[PDB]
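Report on one structure; see the data block that follows.
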Amino acid sequence: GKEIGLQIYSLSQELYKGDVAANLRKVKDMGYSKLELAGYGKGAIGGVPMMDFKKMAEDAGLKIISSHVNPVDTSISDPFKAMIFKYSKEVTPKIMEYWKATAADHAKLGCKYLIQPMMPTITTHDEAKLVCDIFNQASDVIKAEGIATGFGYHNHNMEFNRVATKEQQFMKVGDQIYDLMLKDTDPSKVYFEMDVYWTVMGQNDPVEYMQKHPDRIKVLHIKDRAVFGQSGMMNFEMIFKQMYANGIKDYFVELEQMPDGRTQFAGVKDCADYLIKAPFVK
Ligand SMILES: [Mg+2]
Numbered sequence: 043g044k045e046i047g048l049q050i051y052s053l054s055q056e057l058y059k060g061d062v063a064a065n066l067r068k069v070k071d072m073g074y075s076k077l078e079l080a081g082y083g084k085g086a087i088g089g090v091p092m093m094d095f096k097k098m099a100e101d102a103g104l105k106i107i108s109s110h111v112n113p114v115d116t117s118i119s120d121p122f123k124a125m126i127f128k129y130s131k132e133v134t135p136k137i138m139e140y141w142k143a144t145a146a147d148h149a150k151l152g153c154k155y156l157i158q159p160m161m162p163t164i165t166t167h168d169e170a171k172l173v174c175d176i177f178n179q180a181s182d183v184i185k186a187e188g189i190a191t192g193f194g195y196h197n198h199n200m201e202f203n204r205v206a207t208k209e210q211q222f223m224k225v226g227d228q229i230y231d232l233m234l235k236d237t238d239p240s241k242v243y244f245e246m247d248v249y250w251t252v253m254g255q256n257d258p259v260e261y262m263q264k265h266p267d268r269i270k271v272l273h274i275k276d277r278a279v280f281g282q283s284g285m286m287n288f289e290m291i292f293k294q295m296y297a298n299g300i301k302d303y304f305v306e307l308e309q310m311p312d313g314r315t316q317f318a319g320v321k322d323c324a325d326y327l328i329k330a331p332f333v334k
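Okay, here's the thing in structure tokens:
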């Protein structure tokens with residue numbers, strides 16, 4: 043009876059095809075107990091009124107622990123033109139309006155973590171600074187709505203790109229964006245959900261990051277190229293050893309689109325089975 047989390051985006055639209063209640067029961071039957079949401083918007087999760095989704099998840103024996111959300115300008119219908127990527131002093135009020143409404147909803151959902159998973163546009167040290175200030179202020183807004191954990195941040199690999207000046211410009225030149233995020237976000241306000249796969253895809257070591265910043269990395273995404281253990285990438289034994297040494301209490305399984313024609317439900321099962329059989333996973 044291991045406790046295992048799932049980032050539901052792993053299932054894509056398979057979660058919403060047919061009988062959603064039965065699909066959530068299948069999630070439980072595969073060995074998952076904890077959910078991180080994706081697809082929240084305007085009081086709904088993947089189009090399902092959020093409290094109805096919560097009830098179906100809970101009736102299946104699942105608990106909603108976390109949610110992935112990205113700031114959007116609700117004046118825009120097109121959900122791609124609505125995504126706020128270019129941070130500025132001017133758009134900050136709109137960003138804070140998003141966080142207030144979203145955090146209020148997630149407090150009603152009883153969600154422990156509220157996490158931004160996509161990087162804003164960052165090409166310079168100054169842009170990174172402003173993004174950090176915005177994250178710090180977002181945390182204040184989120185806590186005021188009742189989510190004590192504040193602002194969480196999930197990375198891909200773009201955060202390991204370096205910002206280097208012209209005079210600054222294999223050799224390392226300039227600072228990695230992620231290092232600037234750690235440095236210039238307030239540890240009492242902002243924490244990190246480290247995606248171990250995308251860290252490796254950014255040429256960095258998630259174990260080293262956990263050792264260096266045990267105070268900042270509080271949640272993990274456990275992810276491989278596809279099904280856990282089938283690639284030459286990822287040392288999950290060391291990743292879990294380090295996770296436990298650090299006292300990290302929450303992780304979520306993630307699976308991107310299967311490359312081999314299989315369904316997401318099939319691959320998600322195989323990921324659970326890997327963890328269930330792994331002696332290093334408690
Ligand atoms: Mg991830």
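If you count by PDB author numbering, then the sequence shown holds residues 43 to 211, 222 to 334, one letter each, in order. Yeah, the Cβ is synthetic: ideal placement off N, Cα and C, and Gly gets one too.
Asked, Found
"So, does the region 68-77 touch the region 110-118, judging by three or more C-beta pairs under 8 Å?", "no"
"Can you give me the start and stop residues for the alpha helix (DSSP H) that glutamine 211 sits inside?", "Unbroken run through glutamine 211: none, as it is neither H nor E."
"Closest to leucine 234 by CA distance: which of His148, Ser130 and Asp267 is it?", "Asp267"
"Helix or strand or just coil, what does DSSP make of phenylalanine 244?", "strand"
"In whole angstroms, what separates the C-alpha of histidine 110 from that of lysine 224?", "32 Å"
"Looking at C-alpha atoms only, which residue of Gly73, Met125 and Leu79 is the closest neighbour of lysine 44?", "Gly73"
"By a C-beta neighbour count over all protein chains shown, 10 Å radius and 16 as the cutoff for buried, is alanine 186 buried or exposed?", "exposed"
"Taking 7 Å as the cut-off, is the beta-carbon of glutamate 306 closer than that to any non-hydrogen atom of ligand 1?", "yes"
"Provide the residue span of the beta strand (DSSP E) that contains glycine 47, from first to last.", "47-49"
"Apply the 10 Å Cβ neighbour rule to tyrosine 296 and answer buried if 16 or more other Cβ atoms are within range, or exposed otherwise.", "exposed"
"Per DSSP, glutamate 78 forms a beta bridge with which residues?", "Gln49 and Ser108"
"Could you spell out where the beta strand (DSSP E) holding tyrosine 303 opens and where it closes?", "303-305"
"Taking buried to mean at least 16 other C-beta atoms within 10 Å of its own C-beta, is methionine 285 buried or exposed?", "exposed"
"Let me check understanding here. Comparing Cα to Cα, which of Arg277, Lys275, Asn287 and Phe244 lies closest to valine 259?", "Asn287"
"Tell me whether the beta-carbon of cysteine 174 lies closer than 8 Å to the beta-carbon of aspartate 236.", "yes"
"For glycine 319, list the residues DSSP reports as bridge partners.", "The partner list for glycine 319 (beta bridge, DSSP) is empty, contrary to what the question assumes."
"Do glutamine 263 and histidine 196 have their CB atoms nearer than 8 Å?", "no"
"Taking C-alpha atoms, which residue in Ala102, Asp101, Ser75 and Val62 lies nearest to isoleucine 87?", "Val62"
"State the beta-bridge partners of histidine 196 as determined by DSSP.", "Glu245"
"Could you tell me which uninterrupted beta strand (DSSP E) segments, each at least 3 residues in length, are contained entirely in the region 119-180, listed from first to last along the chain?", "155-158"
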